[PDB]
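This document opens with one chain alone, in structure tokens, the form solved without the ligand.
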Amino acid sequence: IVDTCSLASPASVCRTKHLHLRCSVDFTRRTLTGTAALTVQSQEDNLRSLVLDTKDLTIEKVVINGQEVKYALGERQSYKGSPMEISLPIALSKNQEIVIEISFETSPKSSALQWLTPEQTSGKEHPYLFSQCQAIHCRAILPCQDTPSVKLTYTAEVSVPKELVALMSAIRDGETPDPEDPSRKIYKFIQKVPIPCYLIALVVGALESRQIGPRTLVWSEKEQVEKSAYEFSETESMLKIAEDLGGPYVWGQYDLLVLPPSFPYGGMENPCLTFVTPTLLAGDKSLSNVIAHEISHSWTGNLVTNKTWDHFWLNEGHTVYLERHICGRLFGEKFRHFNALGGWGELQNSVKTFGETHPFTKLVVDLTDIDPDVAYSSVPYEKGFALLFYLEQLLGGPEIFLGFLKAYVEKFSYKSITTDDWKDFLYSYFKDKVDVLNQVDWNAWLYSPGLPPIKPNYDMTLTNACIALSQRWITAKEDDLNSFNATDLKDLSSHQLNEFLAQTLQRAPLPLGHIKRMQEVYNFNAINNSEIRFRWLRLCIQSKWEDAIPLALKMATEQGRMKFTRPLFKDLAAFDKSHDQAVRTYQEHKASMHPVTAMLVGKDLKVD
């Protein structure tokens, strides 16, 4: 079996067991320079040459056994990058290992990194850097078998300006002055647990920490540290629940790093140090479900890993399932069901957007010649969760299925697996209910496009009030407008307000006068909760409210979480009154945008 997203030699020929990383972070040249010492193990006899993934990497030299060797860079294959075939002096046989030392330089345009000028940061005095390697961007930082089917420990030391701090997806070893006498510190890191390379992460900036748990520090620039330490207080209690569900948390520390507004995702499950968007800082902890989710990846994702990106749903489907149990443990089973039903709604939106026969709406996909960033959506999260939730109900409830979940984590820990490994284990574990398992339409669930063949059962308690109010607005006529009032919101939680807007948004456009009335009675303009403001502005713009144009333009650019930024640029482009300003705003911003985000919005807007 082969990973169609990688150009490297497959795990069935050789495997990287370890990486030693020495490098310094160069803010003036906007480059990472250093050496990548890979311990490779052969899986065959007479292994004379292996191939690594690269993207826009400058190779300075490839040293083996103190001596240089003959390497070659192949032709670029668009988004995949270019294959780097290294020549081995002495032939390897089964399980024989060799260590290879690549001196490399990263391009300023690395799709894995965003370099921020001081003016792009909170503290206007210092620069900032961060990586984001998932899915296949690790090769844009260094030569590697850039596939999730390979796992490896790594050790790292990195030189940065002594006024700054380096952090990695590892335990911090310590800080010492650089060997070449610059004004630089050389920070050290160690990761003892085998991880896929997409989990290698690096941040370099004016970072400042604050402890919020026994195994948790929150890291951010000085001006965010205080609000964050508050927002994520619940973190350790979520960790404890996660361990109960998943088994022991094996990574040692669980730190949190709150990144600059342009971080592309809500969170990245970097081991030991989760990355999160600043858009979670709502000031009432209401978005802590994202934290629960990242915590859950410490088992589903980071311990048991999808073997290729075709089986990405294993990572995310299970993690969303654990996420919603943690929140259910914390706030009640009726809340777990509210969140699950909301997810089905987001799945509905994804299928309608792509189209119900579209290949990206299948649970298991084929990313041959597809850039994984382009296929990314809520489908693997929500169709994967739906399947696990349907199976929970089919097989006798959450207690029974969480037993399966923990056994599943236990069986495949430290491994990389496919949809079949999962399904075959489900059958093994539930060998006493095989006749129940044979009732499920596996082909449709796993391989058919569109909404799943069957919808699970959801408790409606917390959802009913959302439906009542959305339906009143959707069907409102002139003689209804005067009766709407802020008391409508009186008993609705932040989560219900959001779901109200999500439901209303599915029936957009609403009449313009109706949306003006909504602002008039609810004052949604004044809410800064990002999930809620996101959907409110989408509704205003799709309903042709010109006054919402600058609001939407502002949110789309003042932060770069793609979940918010892409749909806003897309709505603004679709609205004739804002189309031109949308396209010009993008073009004026694409230079200081994250590289992947810049590219995706461009394709969205069809610019260039």
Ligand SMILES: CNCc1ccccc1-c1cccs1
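All residue numbers refer to positions in the sequence shown, first residue = 1.
The following text describes the form deposited with the ligand bound, which does not appear among the structures shown.
Given the stretches 246-254, 425-433, 522-530, 173-181, which is the single one in contact with the ligand in the entry with it bound, using a heavy atom cutoff of 4.5 Å? This holds for exactly one stretch, 173-181.
Using a 4.5 Å heavy atom cut-off, which residue among 159, 106, 149, 114 comes into contact with the ligand in the entry with it bound? Going through each option in turn, the one that passes is 159.
Since exactly one of 15, 22, 590, 18 fits, which has a heavy atom within 4.5 Å of the ligand in the entry with it bound? Looking at 15, 22, 590, 18 one by one, just 22 meets the 4.5 Å heavy-atom criterion.
Does any heavy atom of residue 186 come within 4.5 Å of a heavy atom of the ligand in the entry with it bound? Yes - in the entry with it bound, heavy atoms of residue 186 and the ligand come within 4.5 Å of each other.
Quick check on residue 33: any heavy atom within 4.5 Å of the ligand in the entry with it bound? Residue 33: contacts the ligand in the entry with it bound.
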